[PDB]
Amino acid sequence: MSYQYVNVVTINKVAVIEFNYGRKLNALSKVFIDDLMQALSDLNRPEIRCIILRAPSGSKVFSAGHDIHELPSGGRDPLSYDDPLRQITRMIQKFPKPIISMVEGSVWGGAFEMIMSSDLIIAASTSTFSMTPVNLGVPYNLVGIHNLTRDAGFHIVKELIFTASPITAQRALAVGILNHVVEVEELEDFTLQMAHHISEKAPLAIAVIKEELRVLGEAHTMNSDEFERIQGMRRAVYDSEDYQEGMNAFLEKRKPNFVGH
């Protein structure tokens, strides 16, 4: 069909979704996220084998992440259940087709977890990636955090999150995050060919395995108590002062000062 924030394209049985939010740098706004969900929903058809997420060629930034302004004021949980990021990720995961991420430019925060949540990840030799909840003082959620612990080692993810610094593709590759890393000029082709090949295969097989794999990576559980406990700390980081100072600094585009409360 036709979407406002997105741009779908079919090549054989390969669908390619292109982000069209250049004005907000492809920040994760509900509006955007919603369209992305409509476009996927739409593409859930027998004729479609493999999907592909991408940012317009030339892009300097894949996605800047969550839209701060859209962040909570400090009344509820930002990272709620029905929060845009939660939905698309759950969605992407339970999606019966393979979803490749062709990355161009930089990825930030929520983007990283989003593309992390996909099945494959091909990237330009130049992209960079960085997890940044700490730069603003955000107490992510458990699930969000989990989805980042399925490829790279703990120490690595810890380093990622902790310093909130950006890593290069080459590194992100070496640590087992991305599948491949190509030269810009070759990025599209490469990704395409792969999607075509994968689409030569038994769609029904793929759907089940991807579901088994999903069912497995979630096989991490804990008691009632333990959840509320972390949830409590979560709440407490919200109502924090360092918190507020976190947004501000940014909005005021000034370097923040964390106190410890």
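Residue positions are given as counts along the sequence shown, with the first one as 1.
In this entry, 129-137 has the higher mean Cα B-factor, the comparison being between 161-169 and 129-137. The mean Cα B-factor in the deposited entry runs higher for 217-225 than for the other of 217-225 and 34-42. The PDB entry assigns its highest CA temperature factor, among 192, 48, 53, 208, to 208. Between the residues 142, 91, 71, 120, it is 71 that shows the highest Cα B-factor in the PDB record. Remark: residue 82 belongs to the highest third of its chain, ranked by C-alpha B-factor as recorded. For residue 76, the recorded CA temperature factor ranks within the highest third of the chain's modelled residues. For residue 152, the recorded CA B-factor ranks within the lowest third of the chain. Only modelled residues enter the ranking. Ranked by C-alpha B-factor against the other modelled residues of its chain, residue 242 falls in the lowest third. Per the PDB record, residue ranking by Cα B-factor puts residue 25 in the lowest third of the chain.
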